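Listing of work-v4.pdb; format and content: PDB, C-alpha atoms and all ligand atoms.
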```
MODEL        1
ATOM      1  CA  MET A   1    -131.799 -37.534  81.109  1.00  0.00           C
ATOM      2  CA  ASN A   2    -133.820 -36.258  78.157  1.00  0.00           C
ATOM      3  CA  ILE A   3    -137.449 -35.738  77.223  1.00  0.00           C
ATOM      4  CA  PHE A   4    -137.950 -39.345  76.173  1.00  0.00           C
ATOM      5  CA  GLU A   5    -136.750 -40.775  79.492  1.00  0.00           C
ATOM      6  CA  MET A   6    -138.671 -38.137  81.371  1.00  0.00           C
ATOM      7  CA  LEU A   7    -141.972 -38.917  79.654  1.00  0.00           C
ATOM      8  CA  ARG A   8    -141.331 -42.619  79.882  1.00  0.00           C
ATOM      9  CA  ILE A   9    -141.074 -42.268  83.628  1.00  0.00           C
ATOM     10  CA  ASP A  10    -144.259 -40.193  83.809  1.00  0.00           C
ATOM     11  CA  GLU A  11    -146.458 -42.218  81.435  1.00  0.00           C
ATOM     12  CA  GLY A  12    -145.154 -45.743  81.907  1.00  0.00           C
ATOM     13  CA  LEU A  13    -145.510 -48.258  79.100  1.00  0.00           C
ATOM     14  CA  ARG A  14    -148.489 -50.508  78.456  1.00  0.00           C
ATOM     15  CA  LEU A  15    -148.870 -52.839  75.440  1.00  0.00           C
ATOM     16  CA  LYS A  16    -152.620 -53.551  75.767  1.00  0.00           C
ATOM     17  CA  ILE A  17    -155.327 -50.871  75.689  1.00  0.00           C
ATOM     18  CA  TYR A  18    -155.861 -49.242  79.094  1.00  0.00           C
ATOM     19  CA  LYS A  19    -157.972 -46.377  80.630  1.00  0.00           C
ATOM     20  CA  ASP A  20    -155.786 -43.487  81.740  1.00  0.00           C
ATOM     21  CA  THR A  21    -156.082 -41.379  84.955  1.00  0.00           C
ATOM     22  CA  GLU A  22    -159.150 -39.709  83.341  1.00  0.00           C
ATOM     23  CA  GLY A  23    -160.668 -43.087  82.311  1.00  0.00           C
ATOM     24  CA  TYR A  24    -159.770 -42.546  78.641  1.00  0.00           C
ATOM     25  CA  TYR A  25    -158.692 -45.349  76.314  1.00  0.00           C
ATOM     26  CA  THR A  26    -154.958 -45.162  75.766  1.00  0.00           C
ATOM     27  CA  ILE A  27    -152.014 -47.428  75.071  1.00  0.00           C
ATOM     28  CA  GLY A  28    -148.247 -47.464  74.733  1.00  0.00           C
ATOM     29  CA  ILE A  29    -146.525 -44.574  76.319  1.00  0.00           C
ATOM     30  CA  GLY A  30    -149.503 -42.474  77.128  1.00  0.00           C
ATOM     31  CA  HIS A  31    -150.801 -42.496  73.578  1.00  0.00           C
ATOM     32  CA  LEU A  32    -154.399 -41.315  73.901  1.00  0.00           C
ATOM     33  CA  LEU A  33    -156.657 -43.300  71.631  1.00  0.00           C
ATOM     34  CA  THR A  34    -160.041 -41.846  72.254  1.00  0.00           C
ATOM     35  CA  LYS A  35    -162.191 -39.828  74.634  1.00  0.00           C
ATOM     36  CA  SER A  36    -165.255 -41.987  73.917  1.00  0.00           C
ATOM     37  CA  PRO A  37    -166.399 -44.717  76.362  1.00  0.00           C
ATOM     38  CA  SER A  38    -166.364 -47.303  73.502  1.00  0.00           C
ATOM     39  CA  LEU A  39    -163.717 -50.042  73.503  1.00  0.00           C
ATOM     40  CA  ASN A  40    -164.508 -50.727  69.855  1.00  0.00           C
ATOM     41  CA  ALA A  41    -164.009 -47.158  68.873  1.00  0.00           C
ATOM     42  CA  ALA A  42    -160.684 -47.390  70.661  1.00  0.00           C
ATOM     43  CA  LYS A  43    -159.865 -50.551  68.820  1.00  0.00           C
ATOM     44  CA  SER A  44    -160.606 -48.826  65.582  1.00  0.00           C
ATOM     45  CA  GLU A  45    -158.445 -45.835  66.325  1.00  0.00           C
ATOM     46  CA  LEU A  46    -155.666 -48.187  67.379  1.00  0.00           C
ATOM     47  CA  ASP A  47    -155.772 -49.997  64.041  1.00  0.00           C
ATOM     48  CA  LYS A  48    -155.953 -46.750  62.032  1.00  0.00           C
ATOM     49  CA  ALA A  49    -152.968 -45.416  63.907  1.00  0.00           C
ATOM     50  CA  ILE A  50    -150.784 -48.456  63.487  1.00  0.00           C
ATOM     51  CA  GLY A  51    -152.140 -49.300  60.083  1.00  0.00           C
ATOM     52  CA  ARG A  52    -152.813 -53.047  60.810  1.00  0.00           C
ATOM     53  CA  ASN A  53    -155.205 -55.337  62.668  1.00  0.00           C
ATOM     54  CA  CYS A  54    -153.969 -55.297  66.247  1.00  0.00           C
ATOM     55  CA  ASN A  55    -156.991 -56.402  68.272  1.00  0.00           C
ATOM     56  CA  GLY A  56    -156.164 -54.099  71.176  1.00  0.00           C
ATOM     57  CA  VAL A  57    -152.510 -54.863  71.451  1.00  0.00           C
ATOM     58  CA  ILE A  58    -149.135 -53.762  70.175  1.00  0.00           C
ATOM     59  CA  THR A  59    -145.455 -54.412  70.378  1.00  0.00           C
ATOM     60  CA  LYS A  60    -142.800 -52.343  72.145  1.00  0.00           C
ATOM     61  CA  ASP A  61    -141.442 -51.095  68.840  1.00  0.00           C
ATOM     62  CA  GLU A  62    -144.903 -49.876  67.738  1.00  0.00           C
ATOM     63  CA  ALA A  63    -145.315 -48.220  71.159  1.00  0.00           C
ATOM     64  CA  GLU A  64    -142.010 -46.418  70.635  1.00  0.00           C
ATOM     65  CA  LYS A  65    -143.223 -45.457  67.167  1.00  0.00           C
ATOM     66  CA  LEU A  66    -146.315 -43.767  68.534  1.00  0.00           C
ATOM     67  CA  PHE A  67    -144.068 -42.231  71.134  1.00  0.00           C
ATOM     68  CA  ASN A  68    -141.625 -40.621  68.727  1.00  0.00           C
ATOM     69  CA  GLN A  69    -144.575 -39.255  66.752  1.00  0.00           C
ATOM     70  CA  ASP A  70    -146.281 -37.875  69.806  1.00  0.00           C
ATOM     71  CA  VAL A  71    -143.238 -36.151  71.129  1.00  0.00           C
ATOM     72  CA  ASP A  72    -142.616 -34.523  67.759  1.00  0.00           C
ATOM     73  CA  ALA A  73    -146.232 -33.357  67.539  1.00  0.00           C
ATOM     74  CA  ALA A  74    -146.024 -31.707  70.941  1.00  0.00           C
ATOM     75  CA  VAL A  75    -142.897 -29.854  69.962  1.00  0.00           C
ATOM     76  CA  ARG A  76    -144.269 -28.872  66.596  1.00  0.00           C
ATOM     77  CA  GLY A  77    -147.386 -27.822  68.440  1.00  0.00           C
ATOM     78  CA  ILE A  78    -145.591 -25.607  70.890  1.00  0.00           C
ATOM     79  CA  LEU A  79    -143.628 -24.044  68.069  1.00  0.00           C
ATOM     80  CA  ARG A  80    -146.806 -23.261  66.211  1.00  0.00           C
ATOM     81  CA  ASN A  81    -148.535 -21.791  69.202  1.00  0.00           C
ATOM     82  CA  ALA A  82    -148.608 -17.956  69.540  1.00  0.00           C
ATOM     83  CA  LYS A  83    -148.885 -18.231  73.287  1.00  0.00           C
ATOM     84  CA  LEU A  84    -146.439 -21.128  73.854  1.00  0.00           C
ATOM     85  CA  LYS A  85    -143.555 -20.255  71.531  1.00  0.00           C
ATOM     86  CA  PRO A  86    -142.308 -17.124  73.260  1.00  0.00           C
ATOM     87  CA  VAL A  87    -142.211 -18.918  76.572  1.00  0.00           C
ATOM     88  CA  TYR A  88    -140.619 -21.987  75.130  1.00  0.00           C
ATOM     89  CA  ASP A  89    -137.940 -19.959  73.367  1.00  0.00           C
ATOM     90  CA  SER A  90    -137.217 -18.150  76.558  1.00  0.00           C
ATOM     91  CA  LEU A  91    -136.407 -21.257  78.579  1.00  0.00           C
ATOM     92  CA  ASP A  92    -133.091 -23.070  79.132  1.00  0.00           C
ATOM     93  CA  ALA A  93    -133.085 -26.664  77.859  1.00  0.00           C
ATOM     94  CA  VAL A  94    -134.105 -28.475  80.966  1.00  0.00           C
ATOM     95  CA  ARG A  95    -136.987 -26.174  81.664  1.00  0.00           C
ATOM     96  CA  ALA A  96    -138.187 -26.479  78.041  1.00  0.00           C
ATOM     97  CA  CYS A  97    -138.648 -30.206  78.517  1.00  0.00           C
ATOM     98  CA  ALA A  98    -140.994 -29.555  81.392  1.00  0.00           C
ATOM     99  CA  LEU A  99    -143.164 -27.461  79.080  1.00  0.00           C
ATOM    100  CA  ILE A 100    -143.135 -30.285  76.597  1.00  0.00           C
ATOM    101  CA  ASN A 101    -144.138 -32.685  79.374  1.00  0.00           C
ATOM    102  CA  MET A 102    -147.231 -30.579  80.196  1.00  0.00           C
ATOM    103  CA  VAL A 103    -148.180 -30.238  76.535  1.00  0.00           C
ATOM    104  CA  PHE A 104    -147.830 -33.959  75.977  1.00  0.00           C
ATOM    105  CA  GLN A 105    -150.101 -34.599  78.929  1.00  0.00           C
ATOM    106  CA  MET A 106    -152.706 -31.935  78.430  1.00  0.00           C
ATOM    107  CA  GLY A 107    -152.527 -30.638  74.934  1.00  0.00           C
ATOM    108  CA  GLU A 108    -151.423 -27.297  73.672  1.00  0.00           C
ATOM    109  CA  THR A 109    -154.810 -25.792  74.215  1.00  0.00           C
ATOM    110  CA  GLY A 110    -154.856 -26.850  77.876  1.00  0.00           C
ATOM    111  CA  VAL A 111    -151.390 -25.531  78.600  1.00  0.00           C
ATOM    112  CA  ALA A 112    -152.110 -22.214  76.857  1.00  0.00           C
ATOM    113  CA  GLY A 113    -154.615 -21.492  79.700  1.00  0.00           C
ATOM    114  CA  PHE A 114    -151.895 -21.369  82.374  1.00  0.00           C
ATOM    115  CA  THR A 115    -151.666 -17.753  81.350  1.00  0.00           C
ATOM    116  CA  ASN A 116    -150.367 -16.484  84.598  1.00  0.00           C
ATOM    117  CA  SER A 117    -147.899 -19.260  85.144  1.00  0.00           C
ATOM    118  CA  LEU A 118    -146.766 -18.760  81.589  1.00  0.00           C
ATOM    119  CA  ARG A 119    -146.032 -15.090  82.150  1.00  0.00           C
ATOM    120  CA  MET A 120    -144.135 -15.950  85.381  1.00  0.00           C
ATOM    121  CA  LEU A 121    -142.105 -18.583  83.575  1.00  0.00           C
ATOM    122  CA  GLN A 122    -141.407 -16.001  80.909  1.00  0.00           C
ATOM    123  CA  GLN A 123    -140.132 -13.534  83.575  1.00  0.00           C
ATOM    124  CA  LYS A 124    -138.008 -16.230  85.237  1.00  0.00           C
ATOM    125  CA  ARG A 125    -139.933 -16.018  88.501  1.00  0.00           C
ATOM    126  CA  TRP A 126    -139.297 -19.672  89.321  1.00  0.00           C
ATOM    127  CA  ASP A 127    -140.702 -19.886  92.801  1.00  0.00           C
ATOM    128  CA  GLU A 128    -143.638 -17.710  91.991  1.00  0.00           C
ATOM    129  CA  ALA A 129    -144.476 -19.719  88.954  1.00  0.00           C
ATOM    130  CA  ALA A 130    -144.239 -22.996  90.862  1.00  0.00           C
ATOM    131  CA  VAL A 131    -146.805 -21.736  93.332  1.00  0.00           C
ATOM    132  CA  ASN A 132    -149.245 -20.608  90.654  1.00  0.00           C
ATOM    133  CA  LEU A 133    -148.738 -23.846  88.715  1.00  0.00           C
ATOM    134  CA  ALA A 134    -149.894 -25.768  91.812  1.00  0.00           C
ATOM    135  CA  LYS A 135    -153.211 -23.918  91.985  1.00  0.00           C
ATOM    136  CA  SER A 136    -154.731 -26.166  89.312  1.00  0.00           C
ATOM    137  CA  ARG A 137    -156.907 -29.145  88.642  1.00  0.00           C
ATOM    138  CA  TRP A 138    -153.784 -30.551  87.031  1.00  0.00           C
ATOM    139  CA  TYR A 139    -151.979 -30.590  90.346  1.00  0.00           C
ATOM    140  CA  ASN A 140    -154.938 -31.839  92.326  1.00  0.00           C
ATOM    141  CA  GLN A 141    -155.595 -34.719  89.933  1.00  0.00           C
ATOM    142  CA  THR A 142    -152.060 -35.959  89.284  1.00  0.00           C
ATOM    143  CA  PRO A 143    -150.113 -34.699  92.209  1.00  0.00           C
ATOM    144  CA  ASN A 144    -146.911 -36.746  92.065  1.00  0.00           C
ATOM    145  CA  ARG A 145    -146.464 -36.144  88.390  1.00  0.00           C
ATOM    146  CA  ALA A 146    -147.356 -32.465  88.659  1.00  0.00           C
ATOM    147  CA  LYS A 147    -144.784 -32.172  91.522  1.00  0.00           C
ATOM    148  CA  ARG A 148    -141.919 -33.526  89.374  1.00  0.00           C
ATOM    149  CA  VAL A 149    -142.680 -31.144  86.563  1.00  0.00           C
ATOM    150  CA  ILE A 150    -143.009 -28.134  88.823  1.00  0.00           C
ATOM    151  CA  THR A 151    -139.752 -28.988  90.550  1.00  0.00           C
ATOM    152  CA  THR A 152    -138.118 -29.103  87.182  1.00  0.00           C
ATOM    153  CA  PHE A 153    -139.453 -25.676  86.243  1.00  0.00           C
ATOM    154  CA  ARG A 154    -138.321 -24.389  89.636  1.00  0.00           C
ATOM    155  CA  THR A 155    -134.789 -25.689  89.669  1.00  0.00           C
ATOM    156  CA  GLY A 156    -133.730 -26.073  86.083  1.00  0.00           C
ATOM    157  CA  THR A 157    -132.402 -29.542  87.045  1.00  0.00           C
ATOM    158  CA  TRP A 158    -133.432 -33.235  86.610  1.00  0.00           C
ATOM    159  CA  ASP A 159    -133.433 -33.946  90.345  1.00  0.00           C
ATOM    160  CA  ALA A 160    -137.140 -34.791  90.569  1.00  0.00           C
ATOM    161  CA  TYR A 161    -136.331 -37.579  88.182  1.00  0.00           C
ATOM    162  CA  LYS A 162    -133.063 -38.741  89.715  1.00  0.00           C
ATOM    163  CA  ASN A 163    -133.293 -42.062  91.537  1.00  0.00           C
ATOM    164  CA  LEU A 164    -136.504 -43.397  89.979  1.00  0.00           C
TER     165      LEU A 164
HETATM  166 CL    CL B   1    -149.578 -38.358  89.702  1.00  0.00          CL
ENDMDL
END
```
Could you quickly redo this structure as structure tokens?
Amino acid sequence: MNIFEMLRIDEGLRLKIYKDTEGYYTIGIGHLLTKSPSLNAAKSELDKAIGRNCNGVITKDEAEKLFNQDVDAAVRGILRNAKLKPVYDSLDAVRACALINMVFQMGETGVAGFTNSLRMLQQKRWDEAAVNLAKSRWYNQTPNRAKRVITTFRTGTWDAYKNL
């Protein structure tokens, strides 16, 4: 298991434009297109992103292209973040992927607000951090996903993803 397989499990893969859990226009492997309610605006962003006339749809290879780009951005993001970097550098591999997972899903700015969880993760207070992590809109809105990620932070293993 690696970050790509992990995210693939959490985001699924859709070739036509879809509304995500928050009702936002997205496609591929959780590639957010736009926060606006406009399908056309989403269609525009899709074309701009792919660099061709797609008319709301893409291929698997293009999806994977967005995907590779998005994963890289999250990492680069974390590494550039004053608040995220120290935590990220402090984690073992497996746990680091979980941080990437959250950033991919919510953005670096959103994750940077889990101040207390962040500190706990920094201190290696696994169980304590898992509890704090659960006291969030994140967990209340996407419970099964949030559970997998928290379990990962708690155990340092891929178990939450085994057998899926
Ligand atoms: Cl969920």
(request) Check which residues satisfy the PyMOL selection byres (((chain A and resi 138) around 12) and not hetatm) in the file shown, then give them as number ranges by chain. (result) A: 21-22, 102-103, 105-106, 110-111, 113-114, 132-137, 139-147, 149-150
(message) Calculated over all atoms listed in the file, which of the candidates A:12, A:51, A:107, A:156 has the smallest distance to residue 84 of chain A?
(response) A:107
(message) Between atom CA of residue 41 of chain A and atom CA of residue 78 of chain A, what is the distance in Å, rounded to a tenth?
(response)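 Taking atom CA of residue 41 of chain A as the start and atom CA of residue 78 of chain A as the end point, the length is 28.4 Å.
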(request) Rank nothing, just name the residue among A:31, A:162, A:52, A:148 nearest to residue 71 of chain A, using all atoms listed in the file. (result)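 When distances to residue 71 of chain A are compared using all atoms listed in the file, the smallest one comes from A:31.
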(request) Rank nothing, just name the residue among A:83, A:14, A:95, A:76 nearest to residue 115 of chain A, using only C-alpha atoms. (result) A:83
(request) Compute the distance from (-137.0, -20.9, 89.6) to each atom, counting all atoms listed in the file, keep the residues with any atom at most 6 Å away, and return them as a PyMOL selection string; use the coordinates of the file. (result) chain A and resi 125-127+154-155
(message) Selection in question (the file shown): the PyMOL selection byres (((chain A and resi 122) around 10) and not hetatm). Which residues does it include, as a list in words?
(response)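 Here the PyMOL selection byres (((chain A and resi 122) around 10) and not hetatm) matches residues 86, 87, 88, 89, 90, 91, 116, 117, 118, 119, 120, 121, 123, 124, 125, 126 and 129 of chain A.
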(request) Using atom CA of residue 11 of chain A and atom CA of residue 30 of chain A as the two end points, give the distance in Å to one decimal. (result) 5.3 Å
(message) On this structure, the PyMOL selection byres (((chain A and resi 13) around 12) and not hetatm) would catch which residues? List them as a PyMOL selection string, sorted by chain and number.
(response) chain A and resi 5+7-12+14-18+20+26-31+58-64+66-67
(message) Just want the 12 Å neighbourhood of residue 39 of chain A, counted on all atoms listed in the file, with same-chain residues fewer than 2 positions away dropped. Output as a ChimeraX atom specification.
(response) /A:16-19,23-26,33-37,41-46,55-56
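Taking atom CA of residue 47 of chain A as the reference point, atom CA of residue 65 of chain A is found at 13.7 Å.
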(request) Excluding residue 77 of chain A and any residue of its chain fewer than 2 positions from it, enumerate the residues within 12 Å of it, using all atoms listed in the file, and give them as a list in words. (result)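 Near neighbours after the sequence-gap exclusion: residues 69, 70, 71, 72, 73, 74, 75, 79, 80, 81, 82, 83, 84, 85, 88, 99, 100, 103, 104, 107, 108, 109, 111 and 112 of chain A.
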Step by step, gather every atom of segment 152-163 of chain A that the file lists, find the box along x, y and z that holds them, add 3 Å on each side, and finally give centre and edge lengths in Å to one decimal, as AutoDock Vina command-line options.
```
--center_x -135.9 --center_y -33.2 --center_z 88.8 --size_x 13.1 --size_y 23.7 --size_z 11.5
```
